[PDB]
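Participant: Below: one structure in structure tokens.
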Amino acid sequence: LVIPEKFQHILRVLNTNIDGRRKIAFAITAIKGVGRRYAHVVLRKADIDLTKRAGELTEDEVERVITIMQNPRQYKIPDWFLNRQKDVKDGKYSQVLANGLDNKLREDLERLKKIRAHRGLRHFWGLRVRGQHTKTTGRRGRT
Amino acid sequence: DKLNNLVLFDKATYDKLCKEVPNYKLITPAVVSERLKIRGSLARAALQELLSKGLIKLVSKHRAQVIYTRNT
Amino acid sequence: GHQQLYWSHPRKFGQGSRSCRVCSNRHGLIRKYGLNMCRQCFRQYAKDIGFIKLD
Amino acid sequence: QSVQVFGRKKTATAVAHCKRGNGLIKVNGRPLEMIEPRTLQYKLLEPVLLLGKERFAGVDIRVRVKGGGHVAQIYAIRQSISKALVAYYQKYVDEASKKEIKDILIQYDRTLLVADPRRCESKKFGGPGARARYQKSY
Amino acid sequence: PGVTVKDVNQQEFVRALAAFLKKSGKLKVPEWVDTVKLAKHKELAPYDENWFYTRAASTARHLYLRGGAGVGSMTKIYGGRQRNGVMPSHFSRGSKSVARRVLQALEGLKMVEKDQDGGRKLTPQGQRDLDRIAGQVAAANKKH
Amino acid sequence: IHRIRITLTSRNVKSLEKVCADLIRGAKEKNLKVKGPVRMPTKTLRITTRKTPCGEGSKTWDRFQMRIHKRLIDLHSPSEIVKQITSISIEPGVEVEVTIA
Amino acid sequence: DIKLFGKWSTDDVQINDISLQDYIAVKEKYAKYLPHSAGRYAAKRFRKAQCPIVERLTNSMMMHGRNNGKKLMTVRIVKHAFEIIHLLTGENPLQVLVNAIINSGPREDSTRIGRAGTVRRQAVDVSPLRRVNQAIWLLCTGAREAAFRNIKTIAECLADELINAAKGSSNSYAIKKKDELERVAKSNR
RNA sequence: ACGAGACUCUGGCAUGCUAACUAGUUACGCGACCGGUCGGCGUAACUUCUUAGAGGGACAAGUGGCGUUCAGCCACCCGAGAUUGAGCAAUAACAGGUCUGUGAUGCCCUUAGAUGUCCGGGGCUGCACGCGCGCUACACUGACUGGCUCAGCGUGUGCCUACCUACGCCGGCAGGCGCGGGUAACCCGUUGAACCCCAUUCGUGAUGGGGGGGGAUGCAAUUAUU
């Protein structure tokens, strides 16, 4: 017994018409700020019925999950547990996700590359900064 | 190299799972996903609902191996 | 002052100074059981202590 | 003083102390058919339908087990049970049907009376395991 | 024919102990179920939302089996191989703050009797109730 | 008190056997509630030593064994008798220690 | 007591081996129930003949690096689709098992002979032991390589490979590799 | 004659003998429903187990067969075992390694001008076939979460030694406040580590499958050693 109205082939939350074929709450892994533990805990604590079908999802579920990603404090996530915890420039604890400027907030590399620190002076030429021994190896993508 | 299945609601909602399957001698969720291009969630839900209806005989279960047949 | 003029540098992981004492070298030292002897003299004084080989 | 011939499979040793009883059997504070993997369930089932319940109705058997591995504990519990049954039922009552039951045992599986001799092999230096050597650089 | 804590298939024994105790409601529920990671070897959240009740059932069973099972022991029960990435995987225990919370749980519910020299023992009445749930699970399929 | 222990340790078997012969001779001198020797397991340590200082040739790890053997005896006896039995200019190579816990 | 597992009757079984049964003995007390008695027969010449086919096939399907040592899952995976062929055929699965096995052994093999001539080798008949062992190994290889990145699920595919080889149709991996090898050898005679 | 072998140890060998609750040892009204599971408790049981000193066993002697019917070889019946592994390992030599185990030894700066004494900065973590087992994992056999059930017989408190959390809690690790029971089979202990009846998910796809700031061992996290 399925819901016969409003049903869309595409599961739409963030206004980017990705393929809605994927089952519920598994398509939010592409957001640059919510992933791994955070995304999984906020779908598993959202009380979702993963045994439901694509044509039996309801507007209540999508509305509630939209509200839950809008509000970071739906279940009192700690600040050290928060995604943008004590980030540079400004300290914001609100769960906001929009294209155009979020990745620029993630781009705190401006300062590190400008002050030409040790990591910056490495990155001037494109040298590794995590100890990967690539003395002459590294043929993946370098022909 | 590419193969696509269907998770939409069509004749697969009722047909070939509510009245045509009992003609078989053995049912397997992989066989259902072969004959109808479905997923594991649908296979488990359909088996549970059909068993609640009462036309199916259990064999055993596993995380990826749950076996049933027909008896009516 | 005096603490920078001389000896402003310790070594608390020193193995070279606290090396195998009985001869004059650092290598060939394992810190179990208080060996303080190189493997060459380890064998030269093995059977004397009671060491035997069966494997 | 006592035989208590026990049972060993690999490093896992199980001993079955058998005395006068009702015929029920216990394995490590537990009856038999509740093994967690429950894939070798029939392996522990083997003796009871091999020799028959009419011989397992007058002897209380307690099994103690110790030794690593899931399967290694098995193949010794049943061996211990069988050999304890042979010992007890031989030392007291009769020898003809003793020959009968030991012959049935032998034709089904010789391991039920006599233990597996072969065990692990020590590792020698210069390689990962016992016989295997490291890769030669070239 | 009597009851035993392990005579039944222990799966349903422990499962029905946890279910019986959650429908009875005597045990309290913890305040945090996500802030802790429950294990060093685990890098993501559990998937029960009553795993505190599950762990309480597990530790009750394991204390029924062997007494003296003081803290520093149940931390190894859910611990296991830790994927250290490229490093070889060694045995690492679970986050013992959660085991400490379950230790807080047992204390004050009369579940365990402690002693100064280490260890803790189950109450005889507690094993009476454990034999009662054992009788329930036995009469479910084997004493029915 | 009647709680005195003696621990003897050596790497040789015949030495421990002659020490047990000393103890059984003392027990033959007078019958006392002295329990039998406690045979600790043959305690083995392995040591393994590369020989080629620089890498040149095979990986011949000299495998040497240090197998120490330990015997215990706990005695409830007058001190003088066992002291005379024991302090009899004991054999070299076997180490004996008397403990009162 | 005298039947397999207490369910598979061993009394009214089929002959089905004329004289290949000297290799495979599943028709007397020499037929143990479970396909697990530890690998203890691989210590002398021809003790493999004593070993039941089931245990040998269970041991074999545990290879390819991804199945190194883990055997209880192999026993589970064979008992599954053992039940499938059993209930699809309705009778004791022994006949269909043996049919699948004996339809897969390569009838002849092109062994390289000659001093330095690799352009013509000899097509010789294959021994029953080598035939059956290669058949089992190659069908298990086909089952595994039909399970990685493949829409089919392992522990069910081998049932269809078994029934197909028992019937003999060319869809199966084992009989098709055997037939291609046979045609290569026929070129070589 | 040396070497091979025998020889030594090692899993098979307490199916009988040397015998400690500190590791284990059926008997001993209680606890549990009223006769059957707790390893927390009691014949100080006169040690079968895993704790081991002696002694024993197997030898191609048994049978059949092959062999120029000798040395021997194969199969079979037996037996714990009808070839278990290592240990010791020629005469002579390589123009081998080690003075970087060493103040005896081929040596122009070795007239105490510095390689460390005293400093540790940049790196063998810098890039192109460029010689190096070191590459766990690499997905529906399995990755998740835990319902879950099993000896390392590796070993872990040191004359000028100082680096191995019970009882309660704040915590993602350590951090501790007295505090890791012990110089050890006493204290880590019946060292619940590993394929498993899955305890939500991932029914065929590169995807759920390896996967830039900080709170803190040492004098200084650095190309995230940790």
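Chains: A, B, ... in order of the structure tokens. Residues: from 1 per chain. Ligands: from 1, in order shown.
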Would you mind writing down, as a PyMOL selection string, each residue of chain E that DSSP on the backbone assigns to strand (DSSP E or B)?

Facilitator: chain E and resi 80-82+90-92+112-114+120-122

Participant: Using the selection just defined, write its residues with N, CA, C and O atoms as a PDB file, in the first residue's frame.

Facilitator:
```
ATOM      1  N   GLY E  80      38.745  -5.844  20.334  1.00  0.00           N
ATOM      2  CA  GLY E  80      39.201  -6.773  19.325  1.00  0.00           C
ATOM      3  C   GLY E  80      40.264  -6.165  18.446  1.00  0.00           C
ATOM      4  O   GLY E  80      40.925  -5.199  18.823  1.00  0.00           O
ATOM      5  N   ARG E  81      40.428  -6.752  17.266  1.00  0.00           N
ATOM      6  CA  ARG E  81      41.415  -6.248  16.323  1.00  0.00           C
ATOM      7  C   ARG E  81      41.087  -4.814  15.922  1.00  0.00           C
ATOM      8  O   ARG E  81      39.964  -4.512  15.508  1.00  0.00           O
ATOM      9  N   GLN E  82      42.074  -3.931  16.045  1.00  0.00           N
ATOM     10  CA  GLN E  82      41.942  -2.529  15.676  1.00  0.00           C
ATOM     11  C   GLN E  82      42.650  -2.301  14.353  1.00  0.00           C
ATOM     12  O   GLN E  82      43.867  -2.485  14.257  1.00  0.00           O
ATOM     13  N   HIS E  90      46.431  -4.821  15.802  1.00  0.00           N
ATOM     14  CA  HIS E  90      46.640  -5.422  17.110  1.00  0.00           C
ATOM     15  C   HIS E  90      45.339  -5.388  17.898  1.00  0.00           C
ATOM     16  O   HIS E  90      44.397  -4.674  17.551  1.00  0.00           O
ATOM     17  N   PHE E  91      45.293  -6.161  18.977  1.00  0.00           N
ATOM     18  CA  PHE E  91      44.107  -6.164  19.823  1.00  0.00           C
ATOM     19  C   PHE E  91      44.058  -4.888  20.650  1.00  0.00           C
ATOM     20  O   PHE E  91      44.985  -4.595  21.412  1.00  0.00           O
ATOM     21  N   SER E  92      42.981  -4.125  20.489  1.00  0.00           N
ATOM     22  CA  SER E  92      42.697  -2.958  21.305  1.00  0.00           C
ATOM     23  C   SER E  92      41.313  -3.113  21.911  1.00  0.00           C
ATOM     24  O   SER E  92      40.382  -3.583  21.247  1.00  0.00           O
ATOM     25  N   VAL E 112      25.356  -6.417  41.829  1.00  0.00           N
ATOM     26  CA  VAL E 112      26.652  -6.967  42.206  1.00  0.00           C
ATOM     27  C   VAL E 112      27.091  -6.665  43.627  1.00  0.00           C
ATOM     28  O   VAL E 112      26.767  -5.613  44.175  1.00  0.00           O
ATOM     29  N   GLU E 113      27.810  -7.600  44.236  1.00  0.00           N
ATOM     30  CA  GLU E 113      28.334  -7.385  45.578  1.00  0.00           C
ATOM     31  C   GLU E 113      29.820  -7.215  45.398  1.00  0.00           C
ATOM     32  O   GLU E 113      30.482  -8.105  44.872  1.00  0.00           O
ATOM     33  N   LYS E 114      30.361  -6.087  45.837  1.00  0.00           N
ATOM     34  CA  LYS E 114      31.763  -5.798  45.587  1.00  0.00           C
ATOM     35  C   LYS E 114      32.598  -6.145  46.812  1.00  0.00           C
ATOM     36  O   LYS E 114      32.075  -6.449  47.889  1.00  0.00           O
ATOM     37  N   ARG E 120      33.723  -8.853  41.767  1.00  0.00           N
ATOM     38  CA  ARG E 120      32.346  -8.574  42.165  1.00  0.00           C
ATOM     39  C   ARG E 120      31.568  -9.862  41.937  1.00  0.00           C
ATOM     40  O   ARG E 120      31.905 -10.640  41.045  1.00  0.00           O
ATOM     41  N   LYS E 121      30.541 -10.111  42.742  1.00  0.00           N
ATOM     42  CA  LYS E 121      29.779 -11.352  42.613  1.00  0.00           C
ATOM     43  C   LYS E 121      28.288 -11.092  42.466  1.00  0.00           C
ATOM     44  O   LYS E 121      27.758 -10.161  43.061  1.00  0.00           O
ATOM     45  N   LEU E 122      27.610 -11.907  41.666  1.00  0.00           N
ATOM     46  CA  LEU E 122      26.166 -11.755  41.497  1.00  0.00           C
ATOM     47  C   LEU E 122      25.374 -12.133  42.740  1.00  0.00           C
ATOM     48  O   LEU E 122      25.750 -13.054  43.466  1.00  0.00           O
TER      49      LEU E 122
END
```

Participant: Could you please tell me, as an NGL selection string, which residues of chain H have an atom within 7 Å of chain F when using only C-alpha atoms (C1' of nucleotides)?

Facilitator: :H and (19-20 or 51-52 or 97-98)

Participant: Can you list, as a list in words, every protein, DNA or RNA residue that comes within 10 Å of residue 98 (chain E) when you count only C-alpha atoms (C1' of nucleotides), leaving out same-chain residues fewer than 3 positions away?

Facilitator: residues 30, 32, 33, 36, 37, 38, 39, 52, 55, 75, 94, 95, 101, 102, 103 and 104 of chain E

Participant: Got a sec: who's within 9 Å of residue 137 (chain E), counting only C-alpha atoms (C1' of nucleotides), leaving out chain neighbours fewer than 3 positions off, as a list in words?

Facilitator: residues 8, 9, 12, 13, 16, 17, 132, 133, 134, 140, 141, 142 and 143 of chain E

Participant: Residues of chain G within 12 Å of chain B, using only C-alpha atoms, as a PyMOL selection string?

Facilitator: chain G and resi 73+76-77+79-81+83-90+149-157+160

Participant: Keeping only N, CA and C atoms, take the residues you just selected and write them out as a PDB file, in the first residue's frame.

Facilitator:
```
ATOM      1  N   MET G  73      33.000 -21.470   6.899  1.00  0.00           N
ATOM      2  CA  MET G  73      32.179 -20.810   5.895  1.00  0.00           C
ATOM      3  C   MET G  73      32.074 -21.651   4.630  1.00  0.00           C
ATOM      4  N   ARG G  76      29.425 -24.292   5.415  1.00  0.00           N
ATOM      5  CA  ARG G  76      28.117 -23.650   5.315  1.00  0.00           C
ATOM      6  C   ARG G  76      27.718 -23.433   3.859  1.00  0.00           C
ATOM      7  N   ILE G  77      28.655 -22.937   3.048  1.00  0.00           N
ATOM      8  CA  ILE G  77      28.383 -22.611   1.654  1.00  0.00           C
ATOM      9  C   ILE G  77      28.154 -23.852   0.800  1.00  0.00           C
ATOM     10  N   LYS G  79      26.806 -26.886   2.221  1.00  0.00           N
ATOM     11  CA  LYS G  79      25.521 -27.385   2.707  1.00  0.00           C
ATOM     12  C   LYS G  79      24.376 -26.583   2.104  1.00  0.00           C
ATOM     13  N   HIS G  80      24.551 -25.267   2.015  1.00  0.00           N
ATOM     14  CA  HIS G  80      23.724 -24.477   1.123  1.00  0.00           C
ATOM     15  C   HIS G  80      24.059 -24.835  -0.316  1.00  0.00           C
ATOM     16  N   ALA G  81      23.014 -24.983  -1.120  1.00  0.00           N
ATOM     17  CA  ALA G  81      23.036 -25.472  -2.494  1.00  0.00           C
ATOM     18  C   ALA G  81      23.259 -26.979  -2.566  1.00  0.00           C
ATOM     19  N   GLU G  83      21.436 -28.463  -0.171  1.00  0.00           N
ATOM     20  CA  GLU G  83      19.990 -28.468   0.017  1.00  0.00           C
ATOM     21  C   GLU G  83      19.251 -28.025  -1.243  1.00  0.00           C
ATOM     22  N   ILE G  84      19.822 -27.098  -2.016  1.00  0.00           N
ATOM     23  CA  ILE G  84      19.124 -26.586  -3.194  1.00  0.00           C
ATOM     24  C   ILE G  84      19.012 -27.666  -4.264  1.00  0.00           C
ATOM     25  N   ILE G  85      20.124 -28.335  -4.583  1.00  0.00           N
ATOM     26  CA  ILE G  85      20.033 -29.426  -5.548  1.00  0.00           C
ATOM     27  C   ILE G  85      19.217 -30.583  -4.977  1.00  0.00           C
ATOM     28  N   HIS G  86      19.299 -30.813  -3.663  1.00  0.00           N
ATOM     29  CA  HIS G  86      18.521 -31.873  -3.029  1.00  0.00           C
ATOM     30  C   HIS G  86      17.024 -31.653  -3.204  1.00  0.00           C
ATOM     31  N   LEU G  87      16.555 -30.422  -2.994  1.00  0.00           N
ATOM     32  CA  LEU G  87      15.124 -30.168  -3.075  1.00  0.00           C
ATOM     33  C   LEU G  87      14.655 -29.916  -4.501  1.00  0.00           C
ATOM     34  N   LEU G  88      15.549 -29.492  -5.400  1.00  0.00           N
ATOM     35  CA  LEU G  88      15.171 -29.372  -6.802  1.00  0.00           C
ATOM     36  C   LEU G  88      15.078 -30.733  -7.477  1.00  0.00           C
ATOM     37  N   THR G  89      15.903 -31.697  -7.063  1.00  0.00           N
ATOM     38  CA  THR G  89      15.809 -33.044  -7.611  1.00  0.00           C
ATOM     39  C   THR G  89      14.888 -33.956  -6.811  1.00  0.00           C
ATOM     40  N   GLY G  90      14.542 -33.583  -5.579  1.00  0.00           N
ATOM     41  CA  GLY G  90      13.592 -34.326  -4.782  1.00  0.00           C
ATOM     42  C   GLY G  90      14.106 -35.609  -4.168  1.00  0.00           C
ATOM     43  N   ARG G 149      32.313  -9.081  -8.110  1.00  0.00           N
ATOM     44  CA  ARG G 149      31.741  -8.018  -8.937  1.00  0.00           C
ATOM     45  C   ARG G 149      30.695  -8.558  -9.906  1.00  0.00           C
ATOM     46  N   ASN G 150      29.998  -9.616  -9.507  1.00  0.00           N
ATOM     47  CA  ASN G 150      29.027 -10.285 -10.356  1.00  0.00           C
ATOM     48  C   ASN G 150      27.683 -10.314  -9.647  1.00  0.00           C
ATOM     49  N   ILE G 151      26.613 -10.032 -10.398  1.00  0.00           N
ATOM     50  CA  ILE G 151      25.288  -9.894  -9.804  1.00  0.00           C
ATOM     51  C   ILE G 151      24.821 -11.183  -9.143  1.00  0.00           C
ATOM     52  N   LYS G 152      25.425 -12.316  -9.488  1.00  0.00           N
ATOM     53  CA  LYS G 152      25.090 -13.569  -8.838  1.00  0.00           C
ATOM     54  C   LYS G 152      25.686 -13.610  -7.437  1.00  0.00           C
ATOM     55  N   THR G 153      25.049 -14.382  -6.564  1.00  0.00           N
ATOM     56  CA  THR G 153      25.488 -14.537  -5.186  1.00  0.00           C
ATOM     57  C   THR G 153      26.066 -15.931  -4.987  1.00  0.00           C
ATOM     58  N   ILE G 154      27.256 -15.991  -4.388  1.00  0.00           N
ATOM     59  CA  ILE G 154      27.889 -17.265  -4.081  1.00  0.00           C
ATOM     60  C   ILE G 154      27.078 -18.004  -3.020  1.00  0.00           C
ATOM     61  N   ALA G 155      27.190 -19.336  -3.029  1.00  0.00           N
ATOM     62  CA  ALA G 155      26.444 -20.337  -2.258  1.00  0.00           C
ATOM     63  C   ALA G 155      25.105 -20.646  -2.914  1.00  0.00           C
ATOM     64  N   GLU G 156      24.809 -20.064  -4.075  1.00  0.00           N
ATOM     65  CA  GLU G 156      23.616 -20.413  -4.834  1.00  0.00           C
ATOM     66  C   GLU G 156      23.992 -20.726  -6.277  1.00  0.00           C
ATOM     67  N   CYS G 157      25.066 -20.095  -6.764  1.00  0.00           N
ATOM     68  CA  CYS G 157      25.504 -20.321  -8.138  1.00  0.00           C
ATOM     69  C   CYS G 157      25.989 -21.751  -8.339  1.00  0.00           C
ATOM     70  N   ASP G 160      23.422 -24.248  -9.449  1.00  0.00           N
ATOM     71  CA  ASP G 160      23.104 -24.252 -10.871  1.00  0.00           C
ATOM     72  C   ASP G 160      24.250 -24.806 -11.701  1.00  0.00           C
TER      73      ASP G 160
END
```

Participant: Would you give me, as a tab-separated table, each residue of chain H having an atom within 8 Å of an atom of chain C, along with its shortest atom pair and that distance in Å to one decimal, using only C-alpha atoms (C1' of nucleotides) and sorting by chain and residue number?

Facilitator:
```
residue	atom	partner	partner_atom	distance
H:8	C1'	C:54	CA	7.1
H:9	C1'	C:54	CA	5.3
H:86	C1'	C:55	CA	5.6
H:87	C1'	C:54	CA	4.8
H:101	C1'	C:38	CA	5.9
H:102	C1'	C:24	CA	6.9
H:118	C1'	C:6	CA	7.9
H:158	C1'	C:34	CA	7.3
H:218	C1'	C:12	CA	7.1
H:219	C1'	C:9	CA	7.0
```

Participant: If we count only C-alpha atoms (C1' of nucleotides) and set the cut-off at 10 Å, which residues sit around residue 109 (chain E), ignoring sequence neighbours fewer than 2 positions away in its own chain? Please answer as a VMD selection string.

Facilitator: chain E and resid 26 to 28 104 to 107 111 to 112

Participant: How would the residues just chosen look if you wrote them out with N, CA and C atoms as a PDB file, in the first residue's frame?

Facilitator:
```pdb
ATOM      1  N   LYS E  26      13.435  -1.628  34.989  1.00  0.00           N
ATOM      2  CA  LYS E  26      14.149  -1.355  36.233  1.00  0.00           C
ATOM      3  C   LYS E  26      15.478  -0.647  35.980  1.00  0.00           C
ATOM      4  N   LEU E  27      16.248  -1.108  34.996  1.00  0.00           N
ATOM      5  CA  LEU E  27      17.528  -0.487  34.676  1.00  0.00           C
ATOM      6  C   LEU E  27      17.311   0.883  34.050  1.00  0.00           C
ATOM      7  N   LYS E  28      18.174   1.827  34.405  1.00  0.00           N
ATOM      8  CA  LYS E  28      18.127   3.159  33.832  1.00  0.00           C
ATOM      9  C   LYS E  28      18.801   3.176  32.461  1.00  0.00           C
ATOM     10  N   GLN E 104      28.841   1.573  36.928  1.00  0.00           N
ATOM     11  CA  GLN E 104      27.930   2.411  37.700  1.00  0.00           C
ATOM     12  C   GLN E 104      26.531   1.812  37.718  1.00  0.00           C
ATOM     13  N   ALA E 105      26.108   1.209  36.608  1.00  0.00           N
ATOM     14  CA  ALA E 105      24.766   0.619  36.526  1.00  0.00           C
ATOM     15  C   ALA E 105      24.570  -0.550  37.472  1.00  0.00           C
ATOM     16  N   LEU E 106      25.519  -1.479  37.479  1.00  0.00           N
ATOM     17  CA  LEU E 106      25.396  -2.660  38.324  1.00  0.00           C
ATOM     18  C   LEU E 106      25.357  -2.261  39.787  1.00  0.00           C
ATOM     19  N   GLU E 107      26.205  -1.310  40.167  1.00  0.00           N
ATOM     20  CA  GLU E 107      26.216  -0.832  41.543  1.00  0.00           C
ATOM     21  C   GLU E 107      24.943  -0.067  41.861  1.00  0.00           C
ATOM     22  N   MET E 111      22.707  -5.543  41.828  1.00  0.00           N
ATOM     23  CA  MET E 111      23.130  -6.555  40.871  1.00  0.00           C
ATOM     24  C   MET E 111      24.420  -7.212  41.321  1.00  0.00           C
ATOM     25  N   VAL E 112      25.356  -6.417  41.829  1.00  0.00           N
ATOM     26  CA  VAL E 112      26.652  -6.967  42.206  1.00  0.00           C
ATOM     27  C   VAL E 112      27.091  -6.665  43.627  1.00  0.00           C
TER      28      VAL E 112
END
```

Participant: Define the interface residues of chain D facing chain H as those within 10 Å, counting only C-alpha atoms (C1' of nucleotides), and report them as a ChimeraX atom specification.

Facilitator: /D:1-7,10-15,17-19,26,28-31,34-39,61-62,65-73,114-124,127-128,130,133-138

Participant: Residues of chain B were defined as contacting chain H if any atom lay at most 6 Å from it, counting only C-alpha atoms (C1' of nucleotides); please report them as a ChimeraX atom specification.

Facilitator: /B:39-40,63

Participant: Taking a cut-off of 7 Å and counting only C-alpha atoms, can you build a table that, for each residue of chain D near chain G, reports the nearest atom pair and how far apart they are in Å (one decimal), sorted by chain then residue number, as a tab-separated table?

Facilitator:
```
residue	atom	partner	partner_atom	distance
D:49	CA	G:1	CA	6.0
D:50	CA	G:1	CA	6.3
D:107	CA	G:29	CA	6.9
D:108	CA	G:29	CA	6.4
```

Participant: Please report, as a list in words, each residue of region 14-47 of chain C to which DSSP assigns helix (DSSP H, G or I) when run on this structure's backbone.

Facilitator: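 Residues meeting the helix (DSSP H, G or I) criterion: residues 32, 33, 34, 39, 40, 41, 42, 43, 44, 46 and 47 of chain C.
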
Participant: Mind dumping the selected residues with C-alpha atoms as a CSV table (one decimal), in the first residue's frame?

Facilitator:
```
chain,number,residue,atom,x,y,z
C,32,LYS,CA,67.4,-7.2,28.7
C,33,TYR,CA,68.9,-9.0,31.7
C,34,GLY,CA,71.8,-6.5,31.8
C,39,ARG,CA,77.3,-10.8,20.6
C,40,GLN,CA,80.9,-12.0,19.9
C,41,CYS,CA,81.7,-12.1,23.6
C,42,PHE,CA,78.1,-13.2,24.3
C,43,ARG,CA,79.0,-16.4,22.5
C,44,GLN,CA,82.6,-16.5,23.9
C,46,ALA,CA,77.9,-18.4,26.7
C,47,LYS,CA,78.8,-22.0,27.4
```

Participant: Using only C-alpha atoms (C1' of nucleotides), determine which residues of chain A fall within 6 Å of chain H; present them as a PyMOL selection string.

Facilitator: chain A and resi 129-131+135-136

Participant: Could those residues be written to a file, using C-alpha atoms, as a CSV table (one decimal), in the first residue's frame?

Facilitator:
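What ended up in selection23.csv:
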```csv
chain,number,residue,atom,x,y,z
A,129,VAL,CA,53.7,17.0,3.6
A,130,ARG,CA,52.8,13.7,5.3
A,131,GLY,CA,55.9,11.6,4.8
A,135,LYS,CA,61.7,9.3,-3.8
A,136,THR,CA,61.2,8.2,-7.3
```

Participant: Tell me the residues of chain F close to chain D, meaning within 12 Å using only C-alpha atoms, as a PyMOL selection string.

Facilitator: chain F and resi 48-50+57-63

Participant: Go ahead and save the residues from that selection, with N, CA and C atoms, as a PDB file, in the first residue's frame.

Facilitator:
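Result went into result30.pdb, see below:
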```
ATOM      1  N   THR F  48      68.461 -15.302  20.386  1.00  0.00           N
ATOM      2  CA  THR F  48      68.707 -15.476  18.965  1.00  0.00           C
ATOM      3  C   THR F  48      69.632 -14.362  18.498  1.00  0.00           C
ATOM      4  N   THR F  49      70.726 -14.736  17.838  1.00  0.00           N
ATOM      5  CA  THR F  49      71.810 -13.798  17.567  1.00  0.00           C
ATOM      6  C   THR F  49      72.268 -13.902  16.120  1.00  0.00           C
ATOM      7  N   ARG F  50      72.138 -12.811  15.373  1.00  0.00           N
ATOM      8  CA  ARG F  50      72.777 -12.714  14.067  1.00  0.00           C
ATOM      9  C   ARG F  50      74.291 -12.685  14.247  1.00  0.00           C
ATOM     10  N   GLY F  57      76.183 -12.894   3.582  1.00  0.00           N
ATOM     11  CA  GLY F  57      75.941 -14.293   3.830  1.00  0.00           C
ATOM     12  C   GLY F  57      74.597 -14.548   4.482  1.00  0.00           C
ATOM     13  N   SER F  58      74.445 -15.770   4.981  1.00  0.00           N
ATOM     14  CA  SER F  58      73.148 -16.254   5.419  1.00  0.00           C
ATOM     15  C   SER F  58      72.725 -15.598   6.731  1.00  0.00           C
ATOM     16  N   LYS F  59      71.452 -15.795   7.061  1.00  0.00           N
ATOM     17  CA  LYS F  59      70.844 -15.247   8.271  1.00  0.00           C
ATOM     18  C   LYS F  59      70.865 -16.291   9.387  1.00  0.00           C
ATOM     19  N   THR F  60      72.076 -16.732   9.725  1.00  0.00           N
ATOM     20  CA  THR F  60      72.260 -17.830  10.674  1.00  0.00           C
ATOM     21  C   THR F  60      72.092 -17.300  12.093  1.00  0.00           C
ATOM     22  N   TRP F  61      70.837 -17.212  12.519  1.00  0.00           N
ATOM     23  CA  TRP F  61      70.544 -16.776  13.877  1.00  0.00           C
ATOM     24  C   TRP F  61      70.927 -17.878  14.853  1.00  0.00           C
ATOM     25  N   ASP F  62      72.066 -17.709  15.517  1.00  0.00           N
ATOM     26  CA  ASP F  62      72.446 -18.591  16.611  1.00  0.00           C
ATOM     27  C   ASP F  62      71.318 -18.640  17.626  1.00  0.00           C
ATOM     28  N   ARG F  63      70.720 -19.816  17.779  1.00  0.00           N
ATOM     29  CA  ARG F  63      69.588 -20.025  18.674  1.00  0.00           C
ATOM     30  C   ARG F  63      70.153 -20.710  19.912  1.00  0.00           C
TER      31      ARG F  63
END
```

Participant: Can you pull out the residues contacting residue 27 (chain A)? Cut-off 12 Å, using only C-alpha atoms (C1' of nucleotides), and skip same-chain residues under 6 positions away; I want them as a VMD selection string.

Facilitator: (chain A and resid 10 to 14 16 to 21 34 to 35 39 to 40 43) or (chain H and resid 207 to 208)

Participant: Distance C1' of residue 129 (chain H)-CA of residue 124 (chain A), one decimal place?

Facilitator: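 Calculated distance between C1' of residue 129 (chain H) and CA of residue 124 (chain A) is 27.4 Å.
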
Participant: May I have the residues of chain F within 6 Å of chain C, counting only C-alpha atoms, written as a short mmCIF file (atom, residue, chain, number, x, y, z; two decimals) with N, CA, C and O atoms, in the first residue's frame?

Facilitator:
```cif
data_model
loop_
_atom_site.label_atom_id
_atom_site.label_comp_id
_atom_site.auth_asym_id
_atom_site.auth_seq_id
_atom_site.Cartn_x
_atom_site.Cartn_y
_atom_site.Cartn_z
N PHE F 64 70.26 -19.96 21.00
CA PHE F 64 70.73 -20.51 22.26
C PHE F 64 69.60 -20.60 23.28
O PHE F 64 68.74 -19.71 23.37
N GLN F 65 69.62 -21.69 24.03
CA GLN F 65 68.64 -21.98 25.06
C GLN F 65 69.23 -21.72 26.44
O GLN F 65 70.37 -22.08 26.72
N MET F 66 68.45 -21.04 27.28
CA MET F 66 68.72 -20.99 28.72
C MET F 66 67.54 -21.64 29.43
O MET F 66 66.49 -21.02 29.62
#
```
